[PDB]
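Chemist: What follows is the file query_7.cif, containing mmCIF, N, CA and C atoms:
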data_start
#
loop_
_atom_site.label_atom_id
_atom_site.label_comp_id
_atom_site.auth_asym_id
_atom_site.auth_seq_id
_atom_site.Cartn_x
_atom_site.Cartn_y
_atom_site.Cartn_z
N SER A 1 92.77 88.49 107.92
CA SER A 1 93.09 87.87 106.64
C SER A 1 93.14 88.87 105.48
N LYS A 2 92.81 90.14 105.75
CA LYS A 2 92.75 91.16 104.71
C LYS A 2 93.76 92.26 105.01
N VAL A 3 94.05 93.07 104.00
CA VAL A 3 94.97 94.20 104.12
C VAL A 3 94.45 95.34 103.24
N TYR A 4 94.62 96.58 103.71
CA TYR A 4 94.37 97.73 102.85
C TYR A 4 95.54 97.93 101.90
N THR A 5 95.23 98.21 100.63
CA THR A 5 96.21 98.67 99.65
C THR A 5 95.72 99.97 99.03
N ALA A 6 96.61 100.63 98.28
CA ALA A 6 96.22 101.85 97.59
C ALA A 6 95.11 101.61 96.58
N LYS A 7 94.95 100.38 96.09
CA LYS A 7 93.94 100.06 95.09
C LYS A 7 92.75 99.29 95.67
N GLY A 8 92.66 99.17 96.99
CA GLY A 8 91.53 98.55 97.65
C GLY A 8 91.95 97.43 98.58
N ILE A 9 90.94 96.83 99.21
CA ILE A 9 91.17 95.73 100.15
C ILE A 9 91.57 94.47 99.38
N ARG A 10 92.56 93.75 99.91
CA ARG A 10 93.04 92.52 99.30
C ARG A 10 93.23 91.44 100.36
N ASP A 11 93.28 90.19 99.89
CA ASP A 11 93.56 89.06 100.76
C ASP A 11 95.05 88.95 101.04
N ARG A 12 95.39 88.61 102.28
CA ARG A 12 96.79 88.35 102.59
C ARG A 12 97.26 87.01 102.06
N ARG A 13 96.35 86.07 101.81
CA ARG A 13 96.72 84.78 101.25
C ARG A 13 96.67 84.84 99.73
N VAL A 14 97.74 84.37 99.09
CA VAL A 14 97.82 84.30 97.64
C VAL A 14 98.00 82.84 97.25
N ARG A 15 97.36 82.45 96.16
CA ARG A 15 97.37 81.07 95.69
C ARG A 15 98.34 80.96 94.52
N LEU A 16 99.35 80.11 94.67
CA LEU A 16 100.33 79.90 93.61
C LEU A 16 99.88 78.76 92.72
N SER A 17 100.23 78.85 91.43
CA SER A 17 100.07 77.71 90.53
C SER A 17 100.94 76.55 91.01
N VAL A 18 100.65 75.35 90.51
CA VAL A 18 101.48 74.21 90.90
C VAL A 18 102.92 74.46 90.50
N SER A 19 103.13 74.93 89.27
CA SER A 19 104.48 75.10 88.75
C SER A 19 105.22 76.19 89.51
N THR A 20 104.55 77.31 89.77
CA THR A 20 105.19 78.39 90.53
C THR A 20 105.43 77.99 91.98
N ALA A 21 104.50 77.25 92.58
CA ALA A 21 104.71 76.79 93.95
C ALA A 21 105.95 75.90 94.07
N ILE A 22 106.14 74.97 93.12
CA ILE A 22 107.33 74.12 93.16
C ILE A 22 108.60 74.97 93.14
N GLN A 23 108.65 75.97 92.26
CA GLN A 23 109.83 76.83 92.18
C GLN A 23 109.99 77.66 93.44
N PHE A 24 108.88 78.19 93.95
CA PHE A 24 108.96 79.08 95.11
C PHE A 24 109.47 78.34 96.35
N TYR A 25 108.97 77.13 96.59
CA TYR A 25 109.39 76.41 97.78
C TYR A 25 110.82 75.94 97.65
N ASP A 26 111.28 75.63 96.43
CA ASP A 26 112.70 75.34 96.25
C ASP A 26 113.54 76.53 96.64
N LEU A 27 113.10 77.73 96.26
CA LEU A 27 113.82 78.94 96.62
C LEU A 27 113.73 79.22 98.12
N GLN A 28 112.54 79.06 98.72
CA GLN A 28 112.43 79.29 100.16
C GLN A 28 113.39 78.40 100.94
N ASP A 29 113.52 77.14 100.52
CA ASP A 29 114.45 76.24 101.19
C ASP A 29 115.89 76.72 101.04
N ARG A 30 116.28 77.13 99.82
CA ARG A 30 117.64 77.61 99.60
C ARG A 30 117.93 78.87 100.41
N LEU A 31 116.95 79.77 100.52
CA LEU A 31 117.18 80.99 101.29
C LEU A 31 117.27 80.70 102.78
N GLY A 32 116.52 79.71 103.26
CA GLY A 32 116.52 79.33 104.66
C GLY A 32 115.52 80.05 105.53
N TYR A 33 114.63 80.85 104.95
CA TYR A 33 113.63 81.57 105.73
C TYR A 33 112.57 80.61 106.27
N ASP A 34 112.15 80.86 107.51
CA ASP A 34 111.13 80.02 108.14
C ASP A 34 109.74 80.31 107.59
N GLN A 35 109.43 81.57 107.36
CA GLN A 35 108.11 81.99 106.89
C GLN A 35 108.16 82.24 105.40
N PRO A 36 107.24 81.68 104.62
CA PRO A 36 107.24 81.96 103.17
C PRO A 36 107.13 83.44 102.85
N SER A 37 106.46 84.23 103.70
CA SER A 37 106.35 85.66 103.42
C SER A 37 107.72 86.32 103.31
N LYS A 38 108.69 85.89 104.12
CA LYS A 38 110.02 86.49 104.05
C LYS A 38 110.74 86.17 102.74
N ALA A 39 110.48 84.99 102.14
CA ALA A 39 111.06 84.71 100.83
C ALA A 39 110.43 85.60 99.76
N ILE A 40 109.13 85.89 99.87
CA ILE A 40 108.51 86.83 98.93
C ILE A 40 109.12 88.21 99.08
N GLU A 41 109.29 88.67 100.33
CA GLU A 41 109.93 89.96 100.56
C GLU A 41 111.35 89.98 99.98
N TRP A 42 112.08 88.88 100.14
CA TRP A 42 113.44 88.82 99.61
C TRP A 42 113.43 88.95 98.10
N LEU A 43 112.50 88.26 97.44
CA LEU A 43 112.38 88.38 95.99
C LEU A 43 112.11 89.82 95.57
N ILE A 44 111.21 90.51 96.28
CA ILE A 44 110.91 91.89 95.92
C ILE A 44 112.18 92.74 96.01
N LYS A 45 112.96 92.54 97.07
CA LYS A 45 114.21 93.29 97.22
C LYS A 45 115.22 92.91 96.14
N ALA A 46 115.34 91.61 95.85
CA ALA A 46 116.36 91.16 94.92
C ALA A 46 116.00 91.50 93.47
N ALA A 47 114.73 91.77 93.18
CA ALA A 47 114.30 92.14 91.84
C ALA A 47 114.33 93.65 91.61
N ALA A 48 114.96 94.40 92.52
CA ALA A 48 114.84 95.86 92.51
C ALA A 48 115.26 96.47 91.17
N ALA A 49 116.31 95.94 90.54
CA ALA A 49 116.78 96.53 89.29
C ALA A 49 115.73 96.38 88.19
N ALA A 50 115.17 95.18 88.05
CA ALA A 50 114.12 94.98 87.06
C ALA A 50 112.86 95.76 87.40
N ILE A 51 112.54 95.88 88.70
CA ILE A 51 111.36 96.64 89.10
C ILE A 51 111.54 98.12 88.79
N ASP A 52 112.74 98.65 89.03
CA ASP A 52 113.00 100.06 88.76
C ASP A 52 112.80 100.36 87.28
N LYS A 53 113.27 99.46 86.41
CA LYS A 53 113.17 99.62 84.96
C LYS A 53 111.77 99.37 84.42
N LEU A 54 110.77 99.31 85.31
CA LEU A 54 109.36 99.10 84.97
C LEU A 54 109.14 97.75 84.29
N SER B 1 94.46 72.26 97.17
CA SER B 1 95.51 73.27 97.27
C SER B 1 96.86 72.70 97.71
N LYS B 2 97.00 71.38 97.72
CA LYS B 2 98.27 70.76 98.08
C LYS B 2 99.16 70.62 96.86
N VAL B 3 100.47 70.74 97.07
CA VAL B 3 101.46 70.44 96.05
C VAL B 3 102.42 69.40 96.61
N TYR B 4 102.74 68.40 95.79
CA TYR B 4 103.68 67.38 96.19
C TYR B 4 105.08 67.76 95.75
N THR B 5 106.05 67.60 96.64
CA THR B 5 107.44 67.87 96.32
C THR B 5 108.29 66.69 96.76
N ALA B 6 109.55 66.70 96.30
CA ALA B 6 110.50 65.68 96.71
C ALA B 6 110.76 65.69 98.21
N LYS B 7 110.41 66.78 98.89
CA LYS B 7 110.59 66.92 100.33
C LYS B 7 109.29 66.73 101.11
N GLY B 8 108.19 66.43 100.43
CA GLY B 8 106.90 66.24 101.05
C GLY B 8 105.88 67.22 100.51
N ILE B 9 104.73 67.26 101.19
CA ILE B 9 103.59 68.04 100.72
C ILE B 9 103.70 69.46 101.25
N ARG B 10 103.36 70.43 100.41
CA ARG B 10 103.33 71.84 100.78
C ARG B 10 101.99 72.44 100.36
N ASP B 11 101.69 73.62 100.91
CA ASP B 11 100.45 74.31 100.58
C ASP B 11 100.68 75.29 99.44
N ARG B 12 99.76 75.29 98.47
CA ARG B 12 99.87 76.26 97.38
C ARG B 12 99.46 77.65 97.80
N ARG B 13 98.83 77.80 98.96
CA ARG B 13 98.47 79.12 99.47
C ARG B 13 99.57 79.61 100.41
N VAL B 14 100.03 80.84 100.16
CA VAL B 14 101.08 81.47 100.96
C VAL B 14 100.46 82.69 101.64
N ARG B 15 100.62 82.80 102.95
CA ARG B 15 100.08 83.93 103.70
C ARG B 15 101.16 85.00 103.85
N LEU B 16 100.91 86.17 103.27
CA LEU B 16 101.87 87.26 103.35
C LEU B 16 101.63 88.07 104.62
N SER B 17 102.72 88.59 105.18
CA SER B 17 102.60 89.59 106.24
C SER B 17 101.90 90.83 105.70
N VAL B 18 101.42 91.68 106.62
CA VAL B 18 100.71 92.88 106.19
C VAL B 18 101.62 93.73 105.30
N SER B 19 102.85 93.98 105.76
CA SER B 19 103.74 94.86 105.02
C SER B 19 104.15 94.25 103.70
N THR B 20 104.47 92.96 103.70
CA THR B 20 104.85 92.33 102.43
C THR B 20 103.67 92.29 101.46
N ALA B 21 102.45 92.09 101.98
CA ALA B 21 101.29 92.11 101.09
C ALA B 21 101.14 93.46 100.42
N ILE B 22 101.32 94.55 101.17
CA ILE B 22 101.17 95.87 100.57
C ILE B 22 102.19 96.07 99.46
N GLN B 23 103.45 95.68 99.70
CA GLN B 23 104.49 95.80 98.68
C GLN B 23 104.22 94.89 97.49
N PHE B 24 103.80 93.66 97.76
CA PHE B 24 103.57 92.70 96.69
C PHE B 24 102.44 93.16 95.78
N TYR B 25 101.33 93.63 96.36
CA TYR B 25 100.21 94.03 95.53
C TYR B 25 100.52 95.30 94.75
N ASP B 26 101.36 96.18 95.30
CA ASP B 26 101.80 97.34 94.52
C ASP B 26 102.55 96.89 93.27
N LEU B 27 103.44 95.91 93.43
CA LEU B 27 104.16 95.34 92.29
C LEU B 27 103.21 94.67 91.31
N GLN B 28 102.29 93.84 91.81
CA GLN B 28 101.34 93.18 90.91
C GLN B 28 100.58 94.22 90.08
N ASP B 29 100.18 95.32 90.72
CA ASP B 29 99.50 96.40 90.01
C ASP B 29 100.41 97.05 88.97
N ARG B 30 101.68 97.32 89.33
CA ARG B 30 102.59 97.91 88.35
C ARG B 30 102.85 96.98 87.18
N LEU B 31 102.86 95.67 87.42
CA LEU B 31 103.04 94.70 86.35
C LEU B 31 101.80 94.55 85.48
N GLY B 32 100.62 94.85 86.02
CA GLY B 32 99.38 94.69 85.28
C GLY B 32 98.82 93.28 85.26
N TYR B 33 99.33 92.38 86.09
CA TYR B 33 98.83 91.02 86.15
C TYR B 33 97.60 90.95 87.05
N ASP B 34 96.65 90.10 86.66
CA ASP B 34 95.47 89.90 87.49
C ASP B 34 95.53 88.62 88.31
N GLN B 35 96.60 87.83 88.18
CA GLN B 35 96.81 86.67 89.03
C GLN B 35 98.08 86.86 89.84
N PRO B 36 98.03 86.80 91.17
CA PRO B 36 99.27 86.96 91.96
C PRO B 36 100.33 85.94 91.62
N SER B 37 99.94 84.72 91.23
CA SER B 37 100.94 83.72 90.93
C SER B 37 101.86 84.18 89.80
N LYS B 38 101.33 84.92 88.82
CA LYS B 38 102.17 85.37 87.72
C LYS B 38 103.18 86.43 88.16
N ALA B 39 102.81 87.25 89.15
CA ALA B 39 103.78 88.19 89.70
C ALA B 39 104.92 87.46 90.41
N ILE B 40 104.63 86.35 91.08
CA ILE B 40 105.69 85.60 91.74
C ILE B 40 106.61 84.96 90.71
N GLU B 41 106.02 84.42 89.64
CA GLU B 41 106.79 83.91 88.51
C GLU B 41 107.71 84.98 87.95
N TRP B 42 107.18 86.20 87.77
CA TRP B 42 107.97 87.33 87.29
C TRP B 42 109.13 87.62 88.23
N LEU B 43 108.86 87.61 89.54
CA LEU B 43 109.90 87.93 90.52
C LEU B 43 111.05 86.93 90.47
N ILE B 44 110.74 85.65 90.30
CA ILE B 44 111.79 84.63 90.29
C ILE B 44 112.70 84.82 89.08
N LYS B 45 112.13 85.18 87.93
CA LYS B 45 112.97 85.52 86.79
C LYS B 45 113.73 86.82 87.01
N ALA B 46 113.09 87.83 87.61
CA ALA B 46 113.74 89.12 87.80
C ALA B 46 114.83 89.07 88.86
N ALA B 47 114.77 88.12 89.79
CA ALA B 47 115.77 87.99 90.84
C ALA B 47 116.82 86.94 90.49
N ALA B 48 116.87 86.49 89.24
CA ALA B 48 117.70 85.35 88.86
C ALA B 48 119.16 85.56 89.22
N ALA B 49 119.67 86.77 89.02
CA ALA B 49 121.09 87.02 89.29
C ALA B 49 121.41 86.79 90.76
N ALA B 50 120.55 87.27 91.66
CA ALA B 50 120.79 87.07 93.09
C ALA B 50 120.61 85.61 93.48
N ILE B 51 119.59 84.94 92.94
CA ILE B 51 119.36 83.55 93.29
C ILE B 51 120.58 82.70 92.93
N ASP B 52 121.22 83.03 91.81
CA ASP B 52 122.39 82.29 91.33
C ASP B 52 123.62 82.49 92.20
N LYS B 53 123.60 83.47 93.11
CA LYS B 53 124.70 83.63 94.04
C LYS B 53 124.52 82.82 95.31
N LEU B 54 123.37 82.18 95.51
CA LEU B 54 123.13 81.43 96.74
C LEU B 54 124.03 80.21 96.79
N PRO B 55 124.99 80.13 97.73
CA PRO B 55 125.84 78.93 97.92
C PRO B 55 125.11 77.82 98.66
#
Take the structure from the file and write it as structure tokens.
Modeler:
Amino acid sequence: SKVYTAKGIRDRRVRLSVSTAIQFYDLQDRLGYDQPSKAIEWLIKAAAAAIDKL
Amino acid sequence: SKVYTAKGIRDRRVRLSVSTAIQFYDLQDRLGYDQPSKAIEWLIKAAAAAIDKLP
């Protein structure tokens, strides 16, 4: 249930707010991914331009 | 930890893969947020252009 990160040990489970969970699951359905983790990974990839710009 | 949706009940807890967790927490750290949910909120706004292409 845990993972090493550069800033220390963290939980693999993250708790979404009600409002964010509603939006996230709507997106997971639209993307068609079976595992919610893959929709999170997709978001990280799709946000690359904003992430690059800090 | 349950959320109700038009499609039924879902869990507010999401289990990340090891690799996705490492990437996600690096982003959360770069953003400076202390709640993971706010980083996901940020991502949905930051990915808006791609989401809008989903047919």
Chemist: Rounded to one decimal in Å, what is the spacing between atom CA of residue A:36 and atom CA of residue A:1?
Modeler: 15.7 Å
Chemist: As a PDB file with N, CA and C atoms, in the frame of the given file, could you give me every residue of chain A near chain B (at most 6 Å apart, counting only C-alpha atoms)?
Modeler:
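Just written: part-v3.pdb:
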ATOM      1  N   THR A   5      95.230  98.210 100.630  1.00  0.00           N
ATOM      2  CA  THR A   5      96.210  98.670  99.650  1.00  0.00           C
ATOM      3  C   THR A   5      95.720  99.970  99.030  1.00  0.00           C
ATOM      4  N   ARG A  12      95.390  88.610 102.280  1.00  0.00           N
ATOM      5  CA  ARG A  12      96.790  88.350 102.590  1.00  0.00           C
ATOM      6  C   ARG A  12      97.260  87.010 102.060  1.00  0.00           C
ATOM      7  N   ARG A  13      96.350  86.070 101.810  1.00  0.00           N
ATOM      8  CA  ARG A  13      96.720  84.780 101.250  1.00  0.00           C
ATOM      9  C   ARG A  13      96.670  84.840  99.730  1.00  0.00           C
ATOM     10  N   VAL A  14      97.740  84.370  99.090  1.00  0.00           N
ATOM     11  CA  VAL A  14      97.820  84.300  97.640  1.00  0.00           C
ATOM     12  C   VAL A  14      98.000  82.840  97.250  1.00  0.00           C
ATOM     13  N   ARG A  15      97.360  82.450  96.160  1.00  0.00           N
ATOM     14  CA  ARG A  15      97.370  81.070  95.690  1.00  0.00           C
ATOM     15  C   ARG A  15      98.340  80.960  94.520  1.00  0.00           C
ATOM     16  N   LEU A  16      99.350  80.110  94.670  1.00  0.00           N
ATOM     17  CA  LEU A  16     100.330  79.900  93.610  1.00  0.00           C
ATOM     18  C   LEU A  16      99.880  78.760  92.720  1.00  0.00           C
ATOM     19  N   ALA A  21     104.500  77.250  92.580  1.00  0.00           N
ATOM     20  CA  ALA A  21     104.710  76.790  93.950  1.00  0.00           C
ATOM     21  C   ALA A  21     105.950  75.900  94.070  1.00  0.00           C
ATOM     22  N   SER A  37     106.460  84.230 103.700  1.00  0.00           N
ATOM     23  CA  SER A  37     106.350  85.660 103.420  1.00  0.00           C
ATOM     24  C   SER A  37     107.720  86.320 103.310  1.00  0.00           C
ATOM     25  N   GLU A  41     109.290  88.670 100.330  1.00  0.00           N
ATOM     26  CA  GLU A  41     109.930  89.960 100.560  1.00  0.00           C
ATOM     27  C   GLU A  41     111.350  89.980  99.980  1.00  0.00           C
ATOM     28  N   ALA A  46     115.340  91.610  95.850  1.00  0.00           N
ATOM     29  CA  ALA A  46     116.360  91.160  94.920  1.00  0.00           C
ATOM     30  C   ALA A  46     116.000  91.500  93.470  1.00  0.00           C
ATOM     31  N   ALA A  47     114.730  91.770  93.180  1.00  0.00           N
ATOM     32  CA  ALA A  47     114.300  92.140  91.840  1.00  0.00           C
ATOM     33  C   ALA A  47     114.330  93.650  91.610  1.00  0.00           C
ATOM     34  N   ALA A  50     115.170  95.180  88.050  1.00  0.00           N
ATOM     35  CA  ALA A  50     114.120  94.980  87.060  1.00  0.00           C
ATOM     36  C   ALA A  50     112.860  95.760  87.400  1.00  0.00           C
TER      37      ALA A  50
END
Chemist: Among chain A, which residues carry a DSSP assignment of strand (DSSP E), reported as JSON, numbers by chain?
Modeler: {"A": [2, 3, 4, 5, 8, 9, 10, 11, 13, 14, 15]}
Chemist: Kindly compute an axis-aligned box around the listed atoms of stretch 9-25 of chain A, allowing 3 Å on each side, and express its centre and edge lengths in Å to one decimal as JSON.
Modeler:
{"center_x": 100.9, "center_y": 85.5, "center_z": 95.7, "size_x": 25.9, "size_y": 28.7, "size_z": 19.8}
Chemist: In Å, with one decimal, what is the gap from atom CA of residue B:53 to atom CA of residue A:54?
Modeler: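 Here the two named atoms are 23.6 Å from each other.
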Chemist: DSSP on the backbone, alpha helix (DSSP H) only: what residues of chain A does that give? Format it as number ranges by chain.
Modeler: A: 18-31, 36-46, 48-52
Chemist: Could you list, as a list in words, every residue within 10 Å of residue A:27, counting only C-alpha atoms and ignoring same-chain residues fewer than 2 positions away?
Modeler: residues 21, 22, 23, 24, 25, 29, 30, 31, 32, 33, 36, 39, 40 and 43 of chain A; 44, 51 and 54 of chain B
